[PDB]
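Number 466 in our numbering belongs to position 466 of the sequence shown; there are no gaps in the numbering.
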Amino acid sequence: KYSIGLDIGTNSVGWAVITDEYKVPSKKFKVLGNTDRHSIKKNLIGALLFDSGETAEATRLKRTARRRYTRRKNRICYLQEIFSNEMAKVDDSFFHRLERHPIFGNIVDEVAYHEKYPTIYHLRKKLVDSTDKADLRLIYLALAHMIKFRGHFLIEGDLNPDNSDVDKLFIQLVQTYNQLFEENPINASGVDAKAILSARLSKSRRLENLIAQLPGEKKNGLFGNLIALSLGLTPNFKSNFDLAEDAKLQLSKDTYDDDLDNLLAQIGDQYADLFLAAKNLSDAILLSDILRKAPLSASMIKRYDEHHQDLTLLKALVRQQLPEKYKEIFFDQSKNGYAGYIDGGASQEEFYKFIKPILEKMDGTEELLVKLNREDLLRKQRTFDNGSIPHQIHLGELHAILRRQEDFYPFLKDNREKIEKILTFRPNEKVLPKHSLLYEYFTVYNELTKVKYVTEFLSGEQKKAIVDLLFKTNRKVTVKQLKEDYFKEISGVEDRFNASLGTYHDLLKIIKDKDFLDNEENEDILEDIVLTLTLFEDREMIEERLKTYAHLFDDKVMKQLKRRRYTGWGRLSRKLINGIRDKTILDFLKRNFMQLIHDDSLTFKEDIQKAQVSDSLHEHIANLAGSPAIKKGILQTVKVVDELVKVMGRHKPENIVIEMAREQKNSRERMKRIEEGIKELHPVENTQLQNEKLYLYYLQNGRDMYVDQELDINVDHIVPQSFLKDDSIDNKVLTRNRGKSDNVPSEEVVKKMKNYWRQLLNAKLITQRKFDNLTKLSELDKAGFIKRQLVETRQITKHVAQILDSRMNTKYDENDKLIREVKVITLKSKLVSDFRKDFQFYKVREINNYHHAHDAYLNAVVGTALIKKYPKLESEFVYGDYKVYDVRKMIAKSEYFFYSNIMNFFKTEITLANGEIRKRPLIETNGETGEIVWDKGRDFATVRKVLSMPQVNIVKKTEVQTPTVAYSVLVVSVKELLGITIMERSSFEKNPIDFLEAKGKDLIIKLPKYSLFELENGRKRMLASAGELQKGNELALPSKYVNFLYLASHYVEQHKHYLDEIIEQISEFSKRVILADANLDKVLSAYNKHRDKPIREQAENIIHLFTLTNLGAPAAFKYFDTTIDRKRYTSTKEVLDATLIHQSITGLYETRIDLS
Ligand SMILES: [Mn+2]
Ligand SMILES: [Mn+2]
Ligand SMILES: [Mn+2]
Ligand SMILES: [Mn+2]
Ligand SMILES: [Mn+2]
Ligand SMILES: [Mn+2]
Ligand SMILES: [Mn+2]
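Structure below.
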């Protein structure tokens, strides 16, 4: 029925809905406001603007240690639930004992464990290699350590040799780097990156060595800093980006993800894939190192043994030669020697700096110095040199330990896939001891609550009396005792009560103090004591744990307390009984407990039902690599997608197309390229290098590339546009038809020109790829083109597609296969850009915010059309598993496509490099399915119509900040606005009336920042603060004026009057809503001042004029010589009688509150 299109950005989210013929649906929507407007017609197209500020959503989008903690805790809980039954057979208190602290209940097993397994890696490797059966607790320890620290998931596939190949990942880094800097690419050529990066040398040495292979590159340069990031160093990127503040990065550092996110928040998100590439390179180095069973655990054990023999050798040497320094080196934590390195606060750099002179003066052994220079002397267990480990390694050890032990333990074999899934997949607390006093109290009370005793149902005072007079006095209470106690016909009980306060009496006989037990304040202590008695079967451990309470009790009482031990575990958590409140469950018992849980009137049911689930989307987004703004944008795209789903009657869209790309320095890059290219072999300043013909002029040294004739200062694709769209300078060349000849790359007769191309090649004036293209079209090259135009390299967009895919596809079929109702397409920006260019759908950012919505619409159009035309290519640009079709087969001989440009089907006729024209059918359609995909006479008209329509839903998102006001509540003696600071807001929420009375009732209206209000002739205003207003209006322009402005600014002279018409429209708009006449007079006057100026500059300054009409906060803007100062709306009084418009995130659902 329909599909959604989206433009995703750091401060906006364009969205559009589209039918099979690319129409945008119109739909009525209810208006909930008191105003007499009961419905509204709206197009399903629009945009959501939003601030990057301090909101609850913002903090929800940040990483926190607590969330990671609860995450790992949940995974371990899932692990323990599988192990719990057999673990009860082995060690009932084992899982409770876990967080030096004792893993085991007795000293013997504990010391034996620590002696046999000094590090967890010893246990891991032993469990991987040994064929012998092992204790279930040990296997749990290894699996738990692996699941707890699973590592990253950057490599989607099963681990393969290309993943550990340092050379290929180096080429990847150079490639993603080159994409960001087309002007000065780094040439990997034949550089032996593997031998250099994996060499047994200091990281700084490997850096200098690798950079030595790359001419024109300094160590401080961005690529060199990335290589230093890969090697394990700590580069500072502030110099590379001219940052105001330090931007050091170290992959090994725990904060590196957040730090990288800060750097992205400064330099922009385009660089994120580059850093991800550097991290992948570091992973290749470490992986190749551990690869050359359980290689990771084996490498860790190797580091351990090496550390220890190096340590004993160094000790023997220091004993033999420098005895005076021995205590200082091995025992002084304050000093930078080994003691300060292991247990003091000394960095490996400080430590090596300390021992370097000492090892040299020693002359006892130089090999330790060799290990030191290579930084392998005394490595700690708690480090990995710049990197988090890929999960596949831990997974391999997981399969190894499970497969090895599954025979002895059948449940491991049965739950194997589940255990792996716990590591791979992307109430809260443990039960009381069975003999805890709180538990015994809960049992006796829960049984006691239901006792009939009807005479010619038990009172709570009667319950407390029965417990105090019977359950406390007697170790067990027979029913005849209950009857005789009633004396001093019953029902709900048998011959004797089965529940009893046995722990109360056991402790009573030992403590010999009833009041200490009866007192409620001491209960946490007694709980900890009984928990200690259950936790350990060993007296020394019980004594050690009980020592904390030793002041409270007699020595003899402690010695007696050590003997008692309990062996059971209860079925309920302590806080289910006494933590949750209404009034705790135990308070209610003192109605059945089960009935108590199931009463809707009481809060326990809601609190538990929430507790089972007790955010995951904000958390998943938080861990992505990006700026806070782009993440907030992802959140907004998700919410917008959900609302668009609701608007369409809960029917899922057939498709969702998504686009995420960024929307002076380059002139400096080009300047460097021209300067170097000229120095290797009519001066003009850099700002005009932006011009393509001029920059191509200087790149070619004032010479034609095809004809060998110098060109006077006062353009052709090397590989023709029909084969692929590459407007980049790499494919462009300035020329006099002369050299191009036919459709094939520039003619072999013109390839005799190639020596000049070679002189341009060694000058860096042209890239090697451009040389290879000039010197040439193979069918494989066509396959490369078709593969290139479709695939989207950006990683964050892949994560967005994955998120949207998970949100859109939940149902599974009987075969347990996923039911994919929805495709999530990911377009390259270039396709939509060139689509705007070839078919004259011009964009101008400054006229309005409409361009976001228009972009989303074009995204859905080009995307859905691209799927409909080439279903076989679905794997390349749709999320999910799909067959990767043999690309050569769809490529054809001259009789899918012979010309490799995938966008070609939109065109009615294609112009070849020779000028010959290939006509195409008016209606494009898929041959395999027979489905129509495009109608050139109708669909283009529908596109122009969609762009042309004035009504578009622009929504500036309202927000509540978290001397700063969160929101401004309207107050009614008289109407007025009042700010509410975050400090005030809590007490405000608690007792608002007394607060308002403190300041000096039926209507509570909190107004979030950017709240919308309407008044008079279509005018709108936003509440930036109680003291100021922003412009709420979006000036729409007819498409003729827009295309005219684009064409004039990018310089039909006959259409000169359109300047005056546009200025008339801006003035009518400014008078209708902007209300800044004093500035408008200056603007019109200045427009009269420079009518003499050429139409290009006139149109550019008219383009500057639009900031006056722009939605949002007013800003100063220069029009020719004149500058126009911003006009603030500092009076918010007019808003008080204005009609408030509460907007839906799409803006389709309005509620209009008018009070006046
Ligand atoms: Mn975009
Ligand atoms: Mn008991
Ligand atoms: Mn000249
Ligand atoms: Mn946009
Ligand atoms: Mn432009
Ligand atoms: Mn300008
Ligand atoms: Mn002037």
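Positions of the beta carbon are idealized from the N, C-alpha and C atoms, including for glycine.
Open item on the list: Let me check understanding here. Comparing Cα to Cα, which of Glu57, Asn809, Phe785 lies closest to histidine 618?
Closed with: Along the sequence shown, read from residue 1 onward, the residue named residue 618 stands at position 618. Of the candidates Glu57, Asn809, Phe785, the one whose C-alpha sits nearest the C-alpha of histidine 618 is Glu57.
Task: Closest by C-alpha distance to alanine 1113, when choosing among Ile1102, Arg416, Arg1126 - done: Taking the first residue of the sequence shown as 1, we reach residue 1113 at position 1113. Taking only the C-alpha atoms, the option nearest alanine 1113 is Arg1126.
Task: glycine 46 - DSSP class collapsed to helix/strand/coil - done: Position 46 of the sequence shown holds residue 46. It is a strand residue.
Task: Opening and closing residue of the alpha helix (DSSP H) in which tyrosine 69 lies - done: Here residue 69 refers to the residue found at position 69 of the sequence shown. Here the alpha helix (DSSP H) through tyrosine 69 covers 65-90.
Task: Any chain B beta carbon closer than 8 Å to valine 862 - done: Absent from the structure: chain B. Only one protein chain is present.
TODO: In the DSSP assignment, find the unbroken beta strand (DSSP E) run with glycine 979 in it and report its ends.
DONE: By 1-based counting over the sequence shown, the position of residue 979 is 979. Its beta strand (DSSP E) spans residues 976-981.
TODO: Tell me whether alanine 801 sits in a helix, a strand or coil according to DSSP, three-state version.
DONE: Residue 801 sits at position 801 when you count from the first residue of the sequence shown. Residue state, collapsed to three classes: helix.
TODO: At 3 residues or longer, and completely inside the stretch 950-1029: list those beta strand (DSSP E) runs for me, N to C.
DONE: 953-956, 965-971, 976-981, 1005-1007, 1011-1015, 1019-1025
Open item on the list: So for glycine 570, helix, strand or coil by DSSP?
Closed with: Locating residue 570 in the sequence shown gives position 570, counting from the first residue. Three-state result, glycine 570: strand.
Open item on the list: Nearer than 7 Å: is that true of the beta carbon of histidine 1050 relative to any heavy atom of ligand 5?
Closed with: As a working mapping, residue 1050 is identified with position 1050 in the sequence shown. Checking the Cβ of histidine 1050 against ligand 5 gives yes.
Open item on the list: By the three-class DSSP mapping on this structure, what secondary structure does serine 1067 have?
Closed with: By one-based count along the sequence shown, residue 1067 stands at place 1067. Three-state DSSP puts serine 1067 in a helix.
Open item on the list: Please classify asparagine 498 as buried or exposed, where buried requires at least 16 other C-beta atoms within 10 Å of its C-beta.
Closed with: One-based indexing of the sequence shown puts residue 498 at position 498. Exposed is the call here.
Open item on the list: Here's a check: name, in chain order, each residue in its chain whose Cβ is nearer than 7 Å to the Cβ of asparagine 225, leaving out the five neighbours to either side.
Closed with: If you number the sequence shown from 1, residue 225 lands on position 225. Taken in chain order, the residues that qualify are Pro235, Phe237, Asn240.
Task: Euclidean distance between Cα positions of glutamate 846 and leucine 947 - done: The residue you call residue 846 lines up with position 846 of the sequence shown. The residue you call residue 947 lines up with position 947 of the sequence shown. The straight-line gap from Cα to Cα measures roughly 16 Å.
Open item on the list: Less than 8 Å between the beta carbons of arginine 75 and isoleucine 422, yes or no?
Closed with: The residue given as residue 75 occupies position 75 in the sequence shown. The residue given as residue 422 occupies position 422 in the sequence shown. Taking 8 Å as the Cβ cut-off, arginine 75 and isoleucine 422 qualify as a contacting pair.
Open item on the list: Which same chain residues end up closer than 7 Å to residue 1163 when comparing Cβ atoms and leaving out the 5 residues on each side of it in sequence?
Closed with: The chain is shown from 1 up to 1156; residue 1163 falls before or after that span and cannot be answered.
- [ ] Can you tell me which of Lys434, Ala625, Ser299 puts its alpha carbon nearest to the alpha carbon of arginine 565?
- [x] Taking the first residue of the sequence shown as position 1, residue 565 is located at position 565. Nearest C-alpha to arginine 565: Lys434.
Task: Integer Cβ distance of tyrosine 1046 from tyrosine 850, believed to fall under 8 Å - done: Here residue 1046 refers to the residue found at position 1046 when the sequence shown is read from its first residue. Here residue 850 refers to the residue found at position 850 when the sequence shown is read from its first residue. About 14 Å; that fails the 8 Å criterion.
Open item on the list: Taking the beta strand (DSSP E) that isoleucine 656 belongs to, which residues open and close that run?
Closed with: Along the sequence shown, one-based indexing puts residue 656 at 656. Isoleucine 656 -> beta strand (DSSP E) spans 655-660.
TODO: Locate the beta strand (DSSP E) running through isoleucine 1124, then write down its first and last residues.
DONE: Here residue 1124 refers to the residue found at position 1124 when the sequence shown is read from its first residue. From DSSP, the beta strand (DSSP E) with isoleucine 1124 extends over 1122-1124.
Task: Given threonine 567 as reference, the closest of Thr534, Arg545, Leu589, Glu540 once Cα atoms are compared - done: Counted from its first residue, the sequence shown places residue 567 at position 567. The shortest C-alpha separation from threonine 567 is found at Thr534.
TODO: Could you check what DSSP says for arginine 379 in three-state terms: helix, strand or coil?
DONE: The residue you call residue 379 lines up with position 379 of the sequence shown. If DSSP states are grouped into helix, strand and coil, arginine 379 belongs with coil.
Open item on the list: As a quick exercise: from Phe516, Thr767, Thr775, pick the residue whose alpha carbon is nearest that of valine 744.
Closed with: On the sequence shown, position 744 is the one that residue 744 refers to. Minimum Cα distance to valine 744 is reached at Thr775.
Task: Alpha carbon of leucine 1023 to alpha carbon of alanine 284, nearest angstrom - done: Indexing the sequence shown from 1 puts residue 1023 at position 1023. Indexing the sequence shown from 1 puts residue 284 at position 284. Distance between the alpha carbons of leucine 1023 and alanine 284 is about 53 Å.
- [ ] Can you give me the start and stop residues for the alpha helix (DSSP H) that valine 174 sits inside?
- [x] Taking the first residue of the sequence shown as 1, we reach residue 174 at position 174. Counting along the chain, the alpha helix (DSSP H) containing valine 174 begins and ends at 166-180.
TODO: Inspect the beta-carbon positions of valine 1083 and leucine 1105 and report whether they are closer than 8 Å.
DONE: Within the sequence shown, numbered from 1, the residue matching residue 1083 stands at position 1083. Within the sequence shown, numbered from 1, the residue matching residue 1105 stands at position 1105. Contact flag set, yes.
Open item on the list: Just verifying my parser: in three-state terms, what is the DSSP assignment at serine 1049?
Closed with: Taking the first residue of the sequence shown as position 1, residue 1049 is located at position 1049. Here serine 1049 sits in helix by DSSP.
Open item on the list: If contacts are defined as beta-carbon pairs under 8 Å, then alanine 298 and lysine 125 qualify, I think. What distance do you get, rounded to the angstrom?
Closed with: Here residue 298 refers to the residue found at position 298 when the sequence shown is read from its first residue. Here residue 125 refers to the residue found at position 125 when the sequence shown is read from its first residue. Confirmed, Cβ separation roughly 6 Å.
- [ ] Let me know the secondary structure DSSP gives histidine 682 once reduced to three states.
- [x] Position 682 of the sequence shown holds residue 682. In this structure, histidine 682 counts as coil in the three-state DSSP scheme.
- [ ] With hydrogens ignored, establish whether the beta-carbon of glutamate 1097 is closer than 7 Å to any heavy atom of ligand 6.
- [x] Taking the first residue of the sequence shown as position 1, residue 1097 is located at position 1097. The answer is no for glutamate 1097.
Open item on the list: If you reduce the DSSP assignment to three classes, tell me which class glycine 633 lands in.
Closed with: By one-based count along the sequence shown, residue 633 stands at place 633. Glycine 633: helix per DSSP, three-state reduction.
Open item on the list: If you measure between the beta carbons of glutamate 182 and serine 728, is that distance less than 8 Å?
Closed with: Along the sequence shown, read from residue 1 onward, the residue named residue 182 stands at position 182. Along the sequence shown, read from residue 1 onward, the residue named residue 728 stands at position 728. Yes, these two residues count as a Cβ contact at 8 Å.
Task: Of the listed residues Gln213, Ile45, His101, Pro653, nearest to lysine 194 (C-alpha basis) - done: The residue given as residue 194 occupies position 194 in the sequence shown. Residue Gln213 is the option with its Cα nearest to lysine 194.
Task: Integer Cβ distance of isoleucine 45 from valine 952, believed to fall under 8 Å - done: Counting from 1 along the sequence shown, the entry for residue 45 is found at position 45. Counting from 1 along the sequence shown, the entry for residue 952 is found at position 952. Sure, about 6 Å apart at Cβ, within 8 Å.
Open item on the list: Using only the alpha-carbon positions, how far apart do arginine 1096 and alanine 1036 sit?
Closed with: Here residue 1096 refers to the residue found at position 1096 when the sequence shown is read from its first residue. Here residue 1036 refers to the residue found at position 1036 when the sequence shown is read from its first residue. Going by the C-alpha atoms only, they are around 22 Å apart.
Open item on the list: Here's the rule I'm using: 16 or more other beta-carbon atoms within 10 Å means buried, otherwise exposed. How should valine 719 be labelled?
Closed with: Residue mapping note: residue 719 aligns to position 719 of the sequence shown, counting from 1. Classification for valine 719: buried.
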